file coords27.cif (mmCIF, C-alpha atoms)
data_model
#
loop_
_atom_site.label_atom_id
_atom_site.label_comp_id
_atom_site.auth_asym_id
_atom_site.auth_seq_id
_atom_site.Cartn_x
_atom_site.Cartn_y
_atom_site.Cartn_z
CA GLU D 576 -1.39 -104.75 -144.06
CA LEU D 577 -2.10 -103.72 -147.66
CA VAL D 578 -5.26 -105.34 -149.05
CA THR D 579 -7.46 -105.23 -145.94
CA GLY D 580 -7.84 -101.45 -146.11
CA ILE D 581 -8.83 -101.47 -149.78
CA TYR D 582 -11.33 -104.25 -149.05
CA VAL D 583 -12.63 -102.49 -145.91
CA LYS D 584 -13.16 -99.06 -147.48
CA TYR D 585 -14.89 -99.78 -150.82
CA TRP D 586 -17.66 -101.86 -149.22
CA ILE D 587 -21.01 -100.13 -148.74
CA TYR D 588 -21.58 -98.28 -152.02
CA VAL D 589 -20.64 -101.19 -154.29
CA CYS D 590 -22.63 -103.63 -152.15
CA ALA D 591 -25.72 -101.41 -152.23
CA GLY D 592 -25.32 -100.99 -155.99
CA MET D 593 -25.02 -104.73 -156.54
CA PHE D 594 -27.96 -105.45 -154.22
CA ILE D 595 -30.26 -102.79 -155.70
CA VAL D 596 -29.78 -103.64 -159.41
CA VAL D 597 -30.04 -107.41 -158.78
CA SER D 598 -33.82 -107.13 -158.57
CA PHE D 599 -36.36 -108.24 -161.18
CA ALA D 600 -34.63 -111.48 -162.17
CA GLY D 601 -38.00 -113.09 -162.67
CA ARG D 602 -41.47 -112.73 -164.13
CA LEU D 603 -44.06 -110.03 -163.37
CA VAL D 604 -44.03 -110.06 -159.56
CA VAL D 605 -44.33 -107.15 -157.13
CA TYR D 606 -42.77 -109.22 -154.34
CA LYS D 607 -39.06 -108.82 -155.08
CA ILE D 608 -38.84 -105.58 -157.08
CA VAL D 609 -40.49 -103.14 -154.67
CA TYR D 610 -37.85 -103.98 -152.05
CA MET D 611 -35.05 -102.72 -154.30
CA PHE D 612 -37.20 -99.79 -155.42
CA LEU D 613 -37.76 -98.69 -151.82
CA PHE D 614 -34.04 -99.26 -151.17
CA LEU D 615 -33.02 -96.95 -154.01
CA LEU D 616 -35.59 -94.40 -152.84
CA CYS D 617 -34.21 -94.58 -149.30
CA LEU D 618 -30.67 -94.10 -150.60
CA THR D 619 -31.84 -91.09 -152.60
CA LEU D 620 -33.59 -89.58 -149.58
CA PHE D 621 -30.51 -90.25 -147.44
CA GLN D 622 -28.27 -88.47 -149.95
CA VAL D 623 -30.65 -85.53 -150.49
CA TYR D 624 -31.58 -85.00 -146.82
CA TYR D 625 -27.93 -84.01 -146.17
CA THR D 626 -27.92 -85.17 -142.53
CA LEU D 627 -28.91 -88.85 -142.77
CA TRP D 628 -26.39 -89.75 -145.48
CA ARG D 629 -24.78 -92.29 -143.14
CA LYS D 630 -26.67 -91.74 -139.85
CA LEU D 631 -29.60 -94.14 -140.35
CA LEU D 632 -27.76 -97.43 -139.84
CA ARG D 633 -30.80 -98.70 -137.92
CA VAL D 634 -32.84 -98.32 -141.11
CA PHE D 635 -30.08 -99.93 -143.18
CA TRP D 636 -29.81 -102.94 -140.87
CA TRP D 637 -33.61 -103.26 -140.79
CA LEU D 638 -33.74 -103.16 -144.59
CA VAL D 639 -31.07 -105.88 -144.73
CA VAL D 640 -33.14 -107.85 -142.21
CA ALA D 641 -36.35 -107.50 -144.24
CA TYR D 642 -34.44 -108.51 -147.38
CA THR D 643 -33.07 -111.64 -145.71
CA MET D 644 -36.51 -112.46 -144.30
CA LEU D 645 -38.12 -112.23 -147.74
CA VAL D 646 -35.29 -114.24 -149.29
CA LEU D 647 -35.62 -116.99 -146.66
CA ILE D 648 -39.44 -117.18 -146.55
CA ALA D 649 -39.81 -116.89 -150.34
CA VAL D 650 -37.06 -119.01 -151.91
CA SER D 684 -33.22 -125.58 -162.32
CA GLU D 685 -35.65 -122.89 -161.17
CA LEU D 686 -35.20 -123.03 -157.37
CA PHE D 687 -31.42 -122.54 -157.37
CA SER D 688 -30.86 -118.89 -158.38
CA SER D 689 -33.48 -116.97 -156.38
CA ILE D 690 -32.29 -118.21 -152.99
CA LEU D 691 -28.67 -117.74 -154.13
CA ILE D 692 -29.33 -114.19 -155.38
CA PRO D 693 -31.29 -112.54 -152.55
CA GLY D 694 -30.01 -114.71 -149.71
CA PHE D 695 -26.35 -113.99 -150.38
CA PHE D 696 -27.16 -110.42 -151.41
CA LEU D 697 -28.97 -109.71 -148.13
CA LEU D 698 -26.24 -111.33 -146.04
CA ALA D 699 -23.49 -109.41 -147.85
CA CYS D 700 -25.45 -106.15 -147.55
CA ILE D 701 -25.98 -106.65 -143.81
CA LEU D 702 -22.31 -107.47 -143.24
CA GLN D 703 -21.16 -104.50 -145.34
CA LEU D 704 -23.56 -102.06 -143.68
CA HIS D 705 -22.70 -103.11 -140.12
CA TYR D 706 -18.94 -103.32 -140.71
CA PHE D 707 -18.84 -99.99 -142.54
CA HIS D 708 -20.98 -98.26 -139.90
CA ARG D 709 -18.82 -99.49 -137.04
CA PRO D 710 -15.43 -98.44 -138.55
CA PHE D 711 -15.47 -97.47 -142.24
CA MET D 712 -18.34 -94.97 -141.96
CA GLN D 713 -16.74 -93.08 -139.08
CA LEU D 714 -13.30 -92.99 -140.71
CA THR D 715 -14.61 -91.90 -144.12
CA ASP D 716 -16.86 -89.20 -142.68
CA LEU D 717 -15.49 -85.97 -141.20
CA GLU D 718 -18.27 -85.62 -138.61
CA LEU D 784 6.59 -97.79 -160.39
CA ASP D 785 5.36 -94.34 -159.34
CA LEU D 786 2.33 -93.70 -161.56
CA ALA D 787 0.11 -93.54 -158.47
CA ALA D 788 1.11 -89.96 -157.64
CA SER D 789 0.28 -88.85 -161.19
CA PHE D 790 -2.94 -90.87 -160.96
CA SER D 791 -4.02 -89.14 -157.74
CA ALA D 792 -3.04 -85.72 -159.08
CA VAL D 793 -5.13 -86.29 -162.21
CA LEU D 794 -7.98 -87.49 -159.98
CA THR D 795 -7.79 -84.36 -157.83
CA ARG D 796 -7.65 -82.13 -160.91
CA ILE D 797 -10.67 -83.87 -162.45
CA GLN D 798 -12.47 -83.41 -159.12
CA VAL D 799 -11.55 -79.71 -159.13
CA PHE D 800 -12.80 -79.30 -162.70
CA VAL D 801 -15.97 -81.21 -161.77
CA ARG D 802 -16.58 -78.78 -158.90
CA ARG D 803 -15.90 -75.79 -161.16
CA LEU D 804 -18.07 -77.39 -163.86
CA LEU D 805 -20.77 -78.59 -161.46
CA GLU D 806 -23.27 -76.52 -163.43
CA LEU D 807 -21.81 -78.07 -166.59
CA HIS D 808 -22.05 -81.55 -165.02
CA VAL D 809 -25.72 -80.89 -164.25
CA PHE D 810 -26.17 -79.73 -167.83
CA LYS D 811 -24.56 -82.97 -169.07
CA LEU D 812 -27.14 -84.74 -166.91
CA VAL D 813 -29.87 -82.74 -168.65
CA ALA D 814 -28.14 -83.82 -171.87
CA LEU D 815 -28.42 -87.54 -171.14
CA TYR D 816 -31.94 -86.80 -169.87
CA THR D 817 -33.02 -85.34 -173.22
CA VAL D 818 -31.01 -88.01 -175.06
CA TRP D 819 -33.30 -90.57 -173.47
CA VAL D 820 -36.29 -88.21 -173.75
CA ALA D 821 -36.09 -86.72 -177.24
CA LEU D 822 -33.67 -89.23 -178.80
CA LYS D 823 -34.96 -92.55 -177.38
CA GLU D 824 -38.52 -92.05 -176.07
CA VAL D 825 -40.48 -89.29 -174.34
CA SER D 826 -40.77 -90.07 -170.64
CA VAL D 827 -43.76 -89.67 -168.31
CA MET D 828 -44.22 -85.88 -168.41
CA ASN D 829 -40.55 -85.41 -169.28
CA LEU D 830 -41.39 -81.75 -169.96
CA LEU D 831 -41.44 -81.13 -166.20
CA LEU D 832 -37.85 -82.31 -165.78
CA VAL D 833 -36.57 -80.58 -168.91
CA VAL D 834 -38.26 -77.39 -167.65
CA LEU D 835 -36.60 -77.77 -164.26
CA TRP D 836 -33.36 -77.97 -166.24
CA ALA D 837 -34.44 -75.02 -168.38
CA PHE D 838 -34.89 -72.57 -165.53
CA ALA D 839 -31.93 -74.17 -163.72
CA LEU D 840 -29.50 -73.33 -166.54
CA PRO D 841 -29.37 -69.49 -166.56
CA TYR D 842 -30.14 -68.85 -162.88
CA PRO D 843 -27.64 -69.59 -160.09
CA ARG D 844 -30.19 -69.02 -157.33
CA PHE D 845 -32.40 -71.69 -158.94
CA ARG D 846 -29.68 -74.15 -159.99
CA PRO D 847 -29.01 -75.94 -156.66
CA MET D 848 -32.60 -75.88 -155.39
CA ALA D 849 -34.03 -76.95 -158.73
CA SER D 850 -31.22 -79.51 -158.94
CA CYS D 851 -32.37 -81.12 -155.70
CA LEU D 852 -36.00 -80.85 -156.82
CA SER D 853 -35.01 -82.53 -160.10
CA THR D 854 -33.33 -85.35 -158.19
CA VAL D 855 -36.55 -85.72 -156.18
CA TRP D 856 -38.74 -85.68 -159.29
CA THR D 857 -36.48 -88.24 -160.98
CA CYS D 858 -36.78 -90.49 -157.93
CA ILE D 859 -40.57 -90.14 -158.06
CA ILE D 860 -40.44 -90.83 -161.81
CA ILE D 861 -38.47 -94.03 -161.21
CA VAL D 862 -40.97 -95.01 -158.50
CA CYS D 863 -43.85 -94.53 -160.93
CA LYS D 864 -41.87 -96.29 -163.69
CA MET D 865 -41.15 -99.49 -161.76
CA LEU D 866 -44.74 -99.45 -160.43
CA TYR D 867 -46.18 -99.37 -163.97
CA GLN D 868 -45.01 -102.84 -165.09
CA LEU D 869 -47.86 -104.62 -163.29
CA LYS D 870 -50.27 -107.15 -164.81
CA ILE D 871 -53.64 -105.69 -163.76
CA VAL D 872 -53.71 -102.84 -166.28
CA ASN D 873 -56.98 -104.10 -167.85
CA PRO D 874 -55.86 -103.04 -171.38
CA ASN D 910 -52.41 -87.14 -175.37
CA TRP D 911 -50.66 -85.66 -172.32
CA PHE D 912 -49.61 -88.77 -170.34
CA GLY D 913 -47.64 -91.11 -172.61
CA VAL D 914 -47.79 -94.21 -170.41
CA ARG D 915 -45.68 -96.46 -172.64
CA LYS D 916 -46.56 -99.70 -170.79
CA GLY D 917 -43.08 -101.18 -170.44
CA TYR D 918 -43.26 -104.66 -171.97
CA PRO D 919 -39.81 -106.24 -171.49
CA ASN D 920 -39.47 -105.03 -167.86
CA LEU D 921 -35.80 -104.15 -168.49
CA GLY D 922 -35.78 -101.32 -171.03
CA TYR D 923 -38.41 -99.20 -169.28
CA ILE D 924 -36.13 -98.57 -166.28
CA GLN D 925 -32.75 -97.53 -167.75
CA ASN D 926 -33.97 -94.01 -168.55
CA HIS D 927 -34.54 -93.53 -164.82
CA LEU D 928 -31.66 -95.70 -163.60
CA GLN D 929 -29.07 -93.67 -165.50
CA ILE D 930 -30.83 -90.52 -164.24
CA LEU D 931 -30.59 -91.48 -160.58
CA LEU D 932 -27.03 -92.66 -161.26
CA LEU D 933 -26.05 -89.27 -162.69
CA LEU D 934 -27.68 -87.46 -159.77
CA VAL D 935 -25.82 -89.77 -157.39
CA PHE D 936 -22.53 -89.21 -159.22
CA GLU D 937 -23.07 -85.46 -158.88
CA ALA D 938 -23.86 -85.81 -155.17
CA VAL D 939 -20.82 -88.05 -154.68
CA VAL D 940 -18.61 -85.56 -156.53
CA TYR D 941 -19.88 -82.74 -154.32
CA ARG D 942 -19.30 -84.80 -151.17
CA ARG D 943 -15.81 -85.87 -152.26
CA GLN D 944 -15.04 -82.24 -153.14
CA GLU D 945 -16.07 -81.13 -149.65
CA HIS D 946 -14.02 -83.97 -148.17
CA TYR D 947 -10.88 -83.19 -150.18
CA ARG D 948 -11.29 -79.51 -149.28
CA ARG D 949 -11.62 -80.27 -145.57
CA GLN D 950 -8.62 -82.63 -145.73
CA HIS D 951 -5.07 -82.16 -147.05
CA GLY D 965 -0.14 -70.11 -164.41
CA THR D 966 -1.13 -66.48 -164.01
CA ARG D 967 -3.27 -64.57 -166.49
CA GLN D 968 -0.25 -62.28 -167.03
CA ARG D 969 2.49 -64.95 -166.89
CA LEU D 970 0.82 -67.15 -169.52
CA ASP D 971 3.24 -66.14 -172.30
CA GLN D 972 6.31 -67.57 -170.59
CA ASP D 973 6.27 -71.29 -171.59
CA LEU D 974 4.29 -73.69 -173.75
CA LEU D 975 2.92 -75.46 -170.68
CA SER D 976 1.92 -72.11 -169.17
CA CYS D 977 0.09 -71.18 -172.37
CA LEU D 978 -1.73 -74.52 -172.41
CA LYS D 979 -2.68 -74.14 -168.74
CA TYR D 980 -3.97 -70.58 -169.26
CA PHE D 981 -5.98 -71.93 -172.19
CA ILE D 982 -7.52 -74.88 -170.35
CA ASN D 983 -8.34 -72.71 -167.33
CA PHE D 984 -10.12 -70.11 -169.48
CA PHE D 985 -11.04 -71.93 -172.69
CA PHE D 986 -14.45 -70.20 -172.71
CA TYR D 987 -13.53 -66.93 -171.01
CA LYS D 988 -12.87 -64.54 -173.90
CA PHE D 989 -14.01 -67.25 -176.34
CA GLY D 990 -17.52 -67.71 -174.95
CA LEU D 991 -19.75 -65.57 -177.16
CA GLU D 992 -17.74 -66.78 -180.17
CA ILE D 993 -18.51 -70.42 -179.35
CA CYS D 994 -22.11 -69.38 -178.65
CA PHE D 995 -22.42 -67.97 -182.16
CA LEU D 996 -20.73 -71.08 -183.56
CA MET D 997 -23.11 -73.46 -181.78
CA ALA D 998 -26.06 -71.31 -182.87
CA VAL D 999 -24.83 -71.57 -186.46
CA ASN D 1000 -24.40 -75.34 -186.19
CA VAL D 1001 -27.88 -75.69 -184.67
CA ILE D 1002 -29.47 -73.56 -187.39
CA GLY D 1003 -27.64 -75.67 -189.96
CA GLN D 1004 -28.79 -78.94 -188.42
CA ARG D 1005 -32.43 -78.15 -187.59
CA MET D 1006 -33.73 -76.94 -190.98
CA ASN D 1007 -37.07 -75.57 -189.77
CA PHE D 1008 -38.98 -72.31 -189.58
CA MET D 1009 -38.46 -72.45 -185.83
CA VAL D 1010 -34.77 -72.43 -186.71
CA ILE D 1011 -35.59 -69.54 -189.06
CA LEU D 1012 -36.86 -67.48 -186.13
CA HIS D 1013 -33.91 -68.64 -184.02
CA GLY D 1014 -31.49 -67.42 -186.68
CA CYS D 1015 -33.46 -64.20 -187.00
CA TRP D 1016 -32.82 -63.50 -183.33
CA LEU D 1017 -29.23 -64.68 -183.79
CA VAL D 1018 -28.56 -62.13 -186.53
CA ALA D 1019 -30.34 -59.56 -184.35
CA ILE D 1020 -27.92 -60.34 -181.52
CA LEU D 1021 -25.05 -60.10 -184.01
CA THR D 1022 -26.41 -56.75 -185.23
CA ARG D 1023 -25.14 -55.09 -182.02
CA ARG D 1024 -21.50 -55.46 -183.03
CA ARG D 1025 -20.33 -52.88 -180.48
CA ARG D 1026 -19.11 -54.46 -177.25
CA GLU D 1027 -21.36 -54.51 -174.14
CA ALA D 1028 -24.54 -53.91 -176.19
CA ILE D 1029 -25.08 -57.67 -176.55
CA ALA D 1030 -24.54 -58.16 -172.80
CA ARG D 1031 -27.74 -56.23 -172.02
CA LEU D 1032 -29.82 -58.41 -174.37
CA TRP D 1033 -28.13 -61.63 -173.27
CA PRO D 1034 -30.28 -62.23 -170.15
CA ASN D 1035 -33.25 -61.60 -172.41
CA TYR D 1036 -31.57 -63.93 -174.90
CA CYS D 1037 -31.55 -66.75 -172.35
CA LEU D 1038 -35.09 -65.80 -171.34
CA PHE D 1039 -36.59 -66.16 -174.81
CA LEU D 1040 -34.33 -69.16 -175.43
CA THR D 1041 -36.00 -71.02 -172.57
CA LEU D 1042 -39.39 -69.57 -173.53
CA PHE D 1043 -38.92 -71.05 -177.01
CA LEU D 1044 -37.36 -74.38 -176.04
CA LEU D 1045 -39.88 -75.34 -173.36
CA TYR D 1046 -42.82 -74.59 -175.67
CA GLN D 1047 -41.04 -76.48 -178.46
CA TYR D 1048 -40.60 -79.57 -176.29
CA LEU D 1049 -44.23 -79.35 -175.18
CA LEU D 1050 -45.38 -79.06 -178.80
CA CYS D 1051 -43.27 -82.06 -179.81
CA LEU D 1052 -44.81 -83.92 -176.87
CA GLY D 1053 -48.47 -83.04 -177.42
CA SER D 1091 -36.09 -84.29 -181.73
CA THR D 1092 -32.30 -84.41 -182.03
CA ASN D 1093 -32.71 -80.90 -183.41
CA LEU D 1094 -34.26 -80.06 -180.04
CA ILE D 1095 -31.33 -81.83 -178.36
CA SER D 1096 -28.77 -79.60 -180.06
CA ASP D 1097 -31.03 -76.60 -179.44
CA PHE D 1098 -30.94 -77.45 -175.73
CA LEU D 1099 -27.15 -77.77 -175.98
CA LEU D 1100 -27.01 -74.31 -177.57
CA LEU D 1101 -29.27 -72.92 -174.83
CA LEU D 1102 -26.95 -74.53 -172.27
CA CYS D 1103 -23.90 -72.83 -173.77
CA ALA D 1104 -25.81 -69.53 -173.87
CA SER D 1105 -26.76 -69.98 -170.21
CA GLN D 1106 -23.12 -70.62 -169.33
CA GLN D 1107 -22.23 -67.41 -171.18
CA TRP D 1108 -25.01 -65.50 -169.40
CA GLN D 1109 -23.45 -66.73 -166.17
CA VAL D 1110 -19.80 -65.93 -166.86
CA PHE D 1111 -20.26 -62.69 -168.81
CA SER D 1112 -19.83 -60.42 -165.77
CA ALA D 1113 -16.61 -61.98 -164.39
CA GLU D 1114 -15.29 -58.72 -162.92
CA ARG D 1115 -12.62 -60.40 -160.78
CA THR D 1116 -9.83 -61.09 -163.31
CA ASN D 1138 2.74 -55.17 -174.00
CA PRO D 1139 5.36 -57.78 -175.04
CA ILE D 1140 3.94 -57.45 -178.57
CA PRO D 1141 7.21 -56.51 -180.37
CA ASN D 1142 8.60 -59.70 -178.91
CA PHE D 1143 5.94 -61.31 -181.06
CA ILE D 1144 7.40 -59.94 -184.33
CA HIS D 1145 10.36 -62.39 -184.49
CA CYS D 1146 10.95 -65.93 -183.27
CA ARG D 1147 12.72 -65.95 -179.90
CA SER D 1148 10.79 -68.88 -178.37
CA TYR D 1149 8.35 -71.59 -179.39
CA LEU D 1150 5.48 -69.50 -178.03
CA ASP D 1151 6.29 -66.60 -180.32
CA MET D 1152 7.21 -68.84 -183.26
CA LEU D 1153 3.54 -69.86 -183.14
CA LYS D 1154 2.33 -66.43 -182.00
CA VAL D 1155 3.57 -64.67 -185.14
CA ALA D 1156 1.86 -67.28 -187.30
CA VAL D 1157 -1.42 -66.81 -185.43
CA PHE D 1158 -1.25 -63.01 -185.74
CA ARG D 1159 -0.24 -62.84 -189.42
CA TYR D 1160 -0.41 -66.20 -191.23
CA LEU D 1161 -4.01 -66.83 -190.12
CA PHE D 1162 -5.30 -63.76 -191.96
CA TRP D 1163 -3.91 -65.11 -195.24
CA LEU D 1164 -5.21 -68.59 -194.39
CA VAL D 1165 -8.76 -67.30 -193.91
#
call {"tool": "encode", "arguments": {"input": "coords27.cif", "output": "structure tokens"}}
result
Amino acid sequence: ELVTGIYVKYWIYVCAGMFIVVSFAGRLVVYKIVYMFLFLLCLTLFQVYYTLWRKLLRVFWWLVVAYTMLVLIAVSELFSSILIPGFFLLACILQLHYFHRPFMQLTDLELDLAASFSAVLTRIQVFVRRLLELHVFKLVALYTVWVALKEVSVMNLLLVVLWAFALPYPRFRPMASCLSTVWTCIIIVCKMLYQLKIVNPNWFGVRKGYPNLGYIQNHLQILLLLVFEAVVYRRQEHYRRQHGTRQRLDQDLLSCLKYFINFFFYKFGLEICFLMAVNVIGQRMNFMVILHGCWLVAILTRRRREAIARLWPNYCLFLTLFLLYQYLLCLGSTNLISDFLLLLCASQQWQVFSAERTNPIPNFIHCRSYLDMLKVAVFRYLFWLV
């Protein structure tokens, strides 16, 4: 057949996502929300324990059973609660059992636009794996965008500091990534446990979530980004287990574009670092930015090549030593957001500085191809343009 495979493979993750976010369709009650909270925590522990990702089907079936039991011994007002959690529990149980019996084993390893679609998917997966550190940084980015651009979370400094020492260090990055996933799960547990009605009502910032919908998205998107990173790592391992040159770049326009996109930061990196530092100093307008630009012009002082490289690990070190203290002093801005973005670019540079793996110039004095018709302009016209 055709449709039965597509309906039998995309079952468990979408059903768990529908069943876990369908909680809290009601007033202040601990009865129905803590089930979905413990379900999301169990899914996070299953993903992060790296051996029980799909090998606790007893626990999944027992969670479905407890959900159905609560939905059948609990439930214009008595027509949506029994239709939400009843059907949700039944669908979850059916999905979990069916997937475990056939879909889980098959997935695990113990008009022709579809080929282009799959090739673009594989290439985006490859770039995600190469940019896994960058993807984690983008998760730090949305973290601070909820933290320092929407509202400071419950000791958000701890998570932004986990990010801060995760950025420049590759020995830290995976372990502090998993510890950040764990701390975000604990933060979501404490967030959904704080909306109670027995509260009897500056280093804590318990914001007392009123509407019981807005005080969860800053942790829901966090766990969703951690789960998208874990799913991208798992799909990268699965696609690895299944299934131009740096000197040939100047042969075709496509080859030049490919050698650009592969190495867009390679011999451009410190340039873009200086550019992002300049944009941050322009945008912040503070004496903290005055000291930042002082150290930036000090880094620029060592014009000679390889001198800056020595100071660049110390550059990342005082960058994180400045940014973490800045966030803690703001606790008790968007300028700090772009400063964290600059520190992220500088950490990426401090990573890829030491890449020790790795003359048709008179051709580029006349136009013999499109590549050199643009090459001559870049070499000569740009100087006049500047």
call {"tool": "closest_residue", "arguments": {"input": "coords27.cif", "among": "D:605, D:631, D:1152, D:1037", "to": "residue 617 (chain D)", "atoms": "only C-alpha atoms"}}
result
D:631
call {"tool": "resolve_selection", "arguments": {"input": "coords27.cif", "expression": "the PyMOL selection byres ((chain D and resi 848-853) around 12)", "output": "PyMOL selection string"}}
result
chain D and resi 619-620+622-625+805-806+808-810+812-813+816+829-847+854-860+927+930-931+933-935+937-938
call {"tool": "resolve_selection", "arguments": {"input": "coords27.cif", "expression": "the PyMOL selection byres ((chain D and resi 716) around 12)", "output": "PyMOL selection string"}}
result
chain D and resi 584+626+628-630+707-715+717-718+942-943+945-947+949-950
call {"tool": "residues_near_point", "arguments": {"input": "coords27.cif", "point": "(-4.3, -67.3, -168.3)", "cutoff": "10 Å", "atoms": "only C-alpha atoms", "output": "JSON, numbers by chain"}}
result
{"D": [965, 966, 967, 968, 969, 970, 971, 976, 977, 978, 979, 980, 981, 982, 983, 984, 985, 987, 1116]}
call {"tool": "closest_residue", "arguments": {"input": "coords27.cif", "among": "D:642, D:621, D:594, D:1036", "to": "residue 606 (chain D)", "atoms": "all atoms listed in the file"}}
result
D:642
call {"tool": "residues_around", "arguments": {"input": "coords27.cif", "residues": "residue 1038 (chain D)", "least_positions_apart": "3", "cutoff": "10 Å", "atoms": "only C-alpha atoms", "output": "list in words"}}
result
residues 837, 838, 841, 1032, 1033, 1034, 1035, 1041, 1042, 1043, 1101 and 1105 of chain D
call {"tool": "resolve_selection", "arguments": {"input": "coords27.cif", "expression": "the PyMOL selection byres ((chain D and resi 998) around 9)", "output": "number ranges by chain"}}
result
D: 993-997, 999-1003, 1013-1014, 1017, 1097, 1100-1101
call {"tool": "residues_around", "arguments": {"input": "coords27.cif", "residues": "residue 1151 (chain D)", "least_positions_apart": "6", "cutoff": "10 Å", "atoms": "all atoms listed in the file", "output": "ChimeraX atom specification"}}
result
/D:971-974,1140,1142-1145,1157-1158
call {"tool": "write_last_selection", "arguments": {"input": "coords27.cif", "atoms": "C-alpha atoms", "output": "PDB file, in the frame of the given file"}}
result
ATOM      1  CA  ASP D 971       3.240 -66.140-172.300  1.00  0.00           C
ATOM      2  CA  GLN D 972       6.310 -67.570-170.590  1.00  0.00           C
ATOM      3  CA  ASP D 973       6.270 -71.290-171.590  1.00  0.00           C
ATOM      4  CA  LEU D 974       4.290 -73.690-173.750  1.00  0.00           C
ATOM      5  CA  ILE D1140       3.940 -57.450-178.570  1.00  0.00           C
ATOM      6  CA  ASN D1142       8.600 -59.700-178.910  1.00  0.00           C
ATOM      7  CA  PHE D1143       5.940 -61.310-181.060  1.00  0.00           C
ATOM      8  CA  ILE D1144       7.400 -59.940-184.330  1.00  0.00           C
ATOM      9  CA  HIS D1145      10.360 -62.390-184.490  1.00  0.00           C
ATOM     10  CA  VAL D1157      -1.420 -66.810-185.430  1.00  0.00           C
ATOM     11  CA  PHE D1158      -1.250 -63.010-185.740  1.00  0.00           C
TER      12      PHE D1158
END
call {"tool": "axis_aligned_box", "arguments": {"input": "coords27.cif", "around": "region 868-914 of chain D", "padding_each_side": "4 Å", "output": "lines of an AutoDock Vina configuration file"}}
result
center_x = -51.0
center_y = -96.4
center_z = -169.3
size_x = 20.0
size_y = 29.5
size_z = 20.1
call {"tool": "atom_distance", "arguments": {"input": "coords27.cif", "atom1": "CA of residue 591 (chain D)", "atom2": "CA of residue 614 (chain D)"}}
result
8.7 Å
call {"tool": "closest_residue", "arguments": {"input": "coords27.cif", "among": "D:641, D:1009, D:827, D:632", "to": "residue 618 (chain D)", "atoms": "all atoms listed in the file"}}
result
D:632
call {"tool": "atom_distance", "arguments": {"input": "coords27.cif", "atom1": "CA of residue 692 (chain D)", "atom2": "CA of residue 612 (chain D)"}}
result
16.4 Å
call {"tool": "residues_around", "arguments": {"input": "coords27.cif", "residues": "region 647-689 of chain D", "least_positions_apart": "2", "cutoff": "12 Å", "atoms": "all atoms listed in the file", "output": "ChimeraX atom specification"}}
result
/D:597-602,606-607,640-645,691-698
call {"tool": "atom_distance", "arguments": {"input": "coords27.cif", "atom1": "CA of residue 586 (chain D)", "atom2": "CA of residue 705 (chain D)"}}
result
10.5 Å
call {"tool": "closest_residue", "arguments": {"input": "coords27.cif", "among": "D:1011, D:1099, D:1162, D:1108", "to": "residue 814 (chain D)", "atoms": "all atoms listed in the file"}}
result
D:1099
call {"tool": "closest_residue", "arguments": {"input": "coords27.cif", "among": "D:948, D:603, D:1147, D:1008", "to": "residue 917 (chain D)", "atoms": "all atoms listed in the file"}}
result
D:603
call {"tool": "closest_residue", "arguments": {"input": "coords27.cif", "among": "D:862, D:1153, D:704, D:613", "to": "residue 633 (chain D)", "atoms": "all atoms listed in the file"}}
result
D:704
call {"tool": "build_atoms", "arguments": {"input": "coords27.cif", "residues": "region 1143-1150 of chain D", "atoms": "N, CA, C and O atoms", "output": "PDB file, keeping the file's coordinate frame"}}
result
ATOM      1  N   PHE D1143       6.612 -60.454-180.093  1.00  0.00           N
ATOM      2  CA  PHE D1143       5.940 -61.310-181.060  1.00  0.00           C
ATOM      3  C   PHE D1143       6.031 -60.760-182.486  1.00  0.00           C
ATOM      4  O   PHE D1143       5.034 -60.747-183.206  1.00  0.00           O
ATOM      5  N   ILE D1144       7.207 -60.298-182.924  1.00  0.00           N
ATOM      6  CA  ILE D1144       7.400 -59.940-184.330  1.00  0.00           C
ATOM      7  C   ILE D1144       8.549 -60.721-184.945  1.00  0.00           C
ATOM      8  O   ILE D1144       8.835 -60.565-186.136  1.00  0.00           O
ATOM      9  N   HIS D1145       9.211 -61.553-184.145  1.00  0.00           N
ATOM     10  CA  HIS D1145      10.360 -62.390-184.490  1.00  0.00           C
ATOM     11  C   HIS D1145      10.224 -63.641-183.634  1.00  0.00           C
ATOM     12  O   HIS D1145       9.441 -63.687-182.683  1.00  0.00           O
ATOM     13  N   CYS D1146      11.002 -64.659-183.975  1.00  0.00           N
ATOM     14  CA  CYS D1146      10.950 -65.930-183.270  1.00  0.00           C
ATOM     15  C   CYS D1146      12.118 -66.005-182.294  1.00  0.00           C
ATOM     16  O   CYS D1146      13.273 -66.191-182.692  1.00  0.00           O
ATOM     17  N   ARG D1147      11.789 -65.856-181.011  1.00  0.00           N
ATOM     18  CA  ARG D1147      12.720 -65.950-179.900  1.00  0.00           C
ATOM     19  C   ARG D1147      12.363 -67.094-178.958  1.00  0.00           C
ATOM     20  O   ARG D1147      13.146 -67.403-178.053  1.00  0.00           O
ATOM     21  N   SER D1148      11.233 -67.758-179.181  1.00  0.00           N
ATOM     22  CA  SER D1148      10.790 -68.880-178.370  1.00  0.00           C
ATOM     23  C   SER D1148       9.721 -69.621-179.169  1.00  0.00           C
ATOM     24  O   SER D1148       9.226 -69.125-180.185  1.00  0.00           O
ATOM     25  N   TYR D1149       9.377 -70.824-178.704  1.00  0.00           N
ATOM     26  CA  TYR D1149       8.350 -71.590-179.390  1.00  0.00           C
ATOM     27  C   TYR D1149       7.023 -70.845-179.353  1.00  0.00           C
ATOM     28  O   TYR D1149       6.287 -70.794-180.352  1.00  0.00           O
ATOM     29  N   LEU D1150       6.742 -70.203-178.216  1.00  0.00           N
ATOM     30  CA  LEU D1150       5.480 -69.500-178.030  1.00  0.00           C
ATOM     31  C   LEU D1150       5.322 -68.409-179.072  1.00  0.00           C
ATOM     32  O   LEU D1150       4.255 -68.267-179.675  1.00  0.00           O
TER      33      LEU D1150
END
